[PDB]
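Enquirer: PDB entry and its sequence, pasted below:
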Amino acid sequence: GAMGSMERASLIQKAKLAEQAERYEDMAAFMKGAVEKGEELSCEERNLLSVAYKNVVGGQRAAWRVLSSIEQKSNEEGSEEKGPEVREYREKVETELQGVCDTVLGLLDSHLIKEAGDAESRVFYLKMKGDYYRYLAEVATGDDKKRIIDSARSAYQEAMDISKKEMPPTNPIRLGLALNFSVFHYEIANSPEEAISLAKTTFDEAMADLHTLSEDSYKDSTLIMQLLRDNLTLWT
Amino acid sequence: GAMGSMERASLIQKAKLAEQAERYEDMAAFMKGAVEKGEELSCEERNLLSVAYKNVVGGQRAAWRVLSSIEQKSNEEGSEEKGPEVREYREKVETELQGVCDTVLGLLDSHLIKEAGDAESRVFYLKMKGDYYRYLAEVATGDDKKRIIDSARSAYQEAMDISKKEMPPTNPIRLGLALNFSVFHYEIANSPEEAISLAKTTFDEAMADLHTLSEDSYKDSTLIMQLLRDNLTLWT
Amino acid sequence: XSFXXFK
Amino acid sequence: XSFXXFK
Ligand SMILES: [Mg+2]
Ligand SMILES: [Mg+2]
Ligand SMILES: [Mg+2]
Ligand SMILES: [Mg+2]
């Protein structure tokens, strides 16, 4: 309804223009409108959806971390009392972040995931579901933290099971999924050993499949493999 | 009223937090709220106001330029017709930019300028008035382009007249004013010779006043003087 | 390092 | 180059 009166193709065209203009809130709203047309998304369209919300929530996460750090310093020995403002503003940013995560999860649940029959689309969306519950987990502190974490884990696990059965080890979505599930284990689930094991196995199995690939696919796969190595270098 | 229920000091505190978090829309809304409390702004507070809206409108201007360039290419020999979307989205961004400029100009007119008695505050606000009419001029194409340009020129001129009478040649606000009026002449008013003359005279008169300054003021002044030189190198 | 942008 | 940030 926000975008209910615009053509699907026009929303896609404008999402690509907004990306070019680095207008990612606009990008996300256009792609939300496209999803709400009710048709499945093509591969390029799923990419646009992911890029848009990655950038929106990425700016919110960076701001939340800045403010959380300030708030934590305010609660140390020797820190003068500055009043409620830092907590209030952190909460404001946190609430808007949670709203963005909720919006993406709503799109996945109504009805992207249930209509996604192909391995590539179903794994793509389940990875997103894991990612956006992970972002909720990064800020969760109350009664529902454990359920939020388990919701991320469950989405990632279903995606991993499908990707293992249905996609080659070098597939970029399979690799980015494994990368992010490994980050979940390290940063969210207090399971650094699992994170390291997953990253290593993922890297080694892709290495052994590179020989099957074209020059262009090899470039795509080795790019994500380097992020696995970067994490392993950080974590070990 | 948006911010009507928050304390002035809390709005200022939250503006500084938003700057730290690179949340400049938030920053601007907090400073708009502070201005609407009705008290004059201190030097630091005027700075926060300017920084906030500089960043907001700066992102809009960058997006508008991207989209305008795409639109212009769409209107060339050989370009396939892509429909109304590029123009529509350019217009959307342009309208939001104009709304931001109008908001700043409204704050200046109600009632920052009329209460600003000191040279430093009055020149600061008049420079802003020139800047935000200049941003309106960058996108103006219809009946009011000439009046918008003359409104920028008039604001800049009044600020220059006060700064010349009341501030030393190295004062950072005087220098940034002259820099931007020179940019107005070059980019808006089709008067590159005036732009070059102003930049040169401004630089040479500040150079001759540096000897009066502390190490810290010298650093502040020479930073802006370098931008005058950078423009002169670009323009000649 | 996570990876949310394909090509 | 314009200049809109003082110190
Ligand atoms: Mg239709
Ligand atoms: Mg289907
Ligand atoms: Mg009060
Ligand atoms: Mg006064």
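Expert: Yes, it's here. Numbers count the residues shown, from 1 in each chain, chains lettered A, B, ... in the order given. Ligands and ions are numbered 1, 2, ... in the order given.
Enquirer: interface residues of chain A facing chain B?
Expert: A:10, A:13-14, A:17-18, A:20-23, A:26, A:59, A:62-63, A:66-67, A:70, A:82-83, A:85-86, A:88-89, A:92-93 (C-beta under 8 Å from any C-beta of the partner chain). Every residue, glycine included, has its C-beta placed from N, CA and C.
Enquirer: now, of those, which are buried?
Expert: A:10, A:13-14, A:17-18, A:21, A:23, A:26, A:59, A:63, A:66-67, A:70, A:85-86, A:89, A:92-93 (16 or more other C-beta atoms under 10 Å in any protein chain shown).
Enquirer: can you pull out the helices in chain A?
Expert: Assigned by DSSP state H, chain A shows helices spanning A:8-20, A:24-35, A:43-74, A:85-107, A:113-115, A:119-139, A:145-166, A:172-183, A:192-207, A:215-235.
Enquirer: now the fifth one: buried residues?
Expert: Of the residues in helix A:113-115, residue A:113 count as buried by neighbour count, 16+ other C-beta under 10 Å.
Enquirer: I figured residue A:199 was touching residue A:184, is that so?
Expert: No - when contacts are counted by C-beta atoms under 8 Å, residue A:199 is not listed as touching residue A:184 (11.6 Å).
Enquirer: close to ligand 2: what parts of chain A are there?
Expert: A:115, A:117 (C-beta under 5 Å from the ion).
Enquirer: next up, phi/psi of the residue located most distally from the centre of chain A, please.
Expert: The centre of chain A is farthest from one residue, residue A:78, which by C-alpha atoms, centre = their mean lies 38.0 Å away. The phi and psi values for residue A:78, taken as degrees, to the nearest 10, are phi 100, psi -10.
Enquirer: likewise the one 5 residues further on?
Expert: Here is the backbone geometry of residue A:83 (degrees, to the nearest 10): phi 90, psi -170.
Enquirer: so which of the residues of chain A next to chain B reach chain D?
Expert: Within the residues of chain A next to chain B, nothing lies near chain D by C-beta under 8 Å from any C-beta.
Enquirer: closest residue of chain A to chain C?
Expert: Nearest residue of chain A to chain C (C-beta to the nearest C-beta) works out as residue A:54 at 3.5 Å.
Enquirer: ok, that residue - how many residues close by?
Expert: 20 (other C-beta atoms under 10 Å in any protein chain shown).
Enquirer: same question for the one 10 residues further on.
Expert: Burial of residue A:64 is recorded as 23 neighbouring residues (other C-beta under 10 Å).
Enquirer: once you drop chain neighbours, what's closest to it?
Expert: Closest residue to residue A:64 apart from its sequence neighbours, by C-beta to C-beta, 6 or more residues apart in numbering or on different chains: residue A:93 at 5.1 Å.
Enquirer: mind checking how far the one you found is from ligand 4?
Expert: According to C-beta to the ion, to the nearest Å, residue A:93 stands 35 Å off from ligand 4.
Enquirer: same question for residue A:185.
Expert: To ligand 4, residue A:185 is 60 Å away according to C-beta to the ion.
Enquirer: apart from its neighbours in sequence, what residue is nearest that residue?
Expert: Spatial nearest neighbour of residue A:185, excluding adjacent residues (C-beta to C-beta, 6+ apart): residue A:195 at 3.8 Å.
Enquirer: ok, the residue in chain A that ligand 2 sits nearest to - contacts?
Expert: For chain A and ligand 2, the shortest gap (C-beta to the ion) falls at residue A:117, measuring 4.1 Å. Contact criterion C-beta atoms under 8 Å, 6 or more residues apart in numbering or on different chains gives no residues in contact with residue A:117.
Enquirer: phi first, then psi, for it.
Expert: Backbone torsions of residue A:117, given as degrees, to the nearest 10, read phi -100, psi -30.
Enquirer: relative to chain D, how far out is it?
Expert: Going from residue A:117 to chain D by C-beta to the nearest C-beta, to the nearest Å gives 52 Å.
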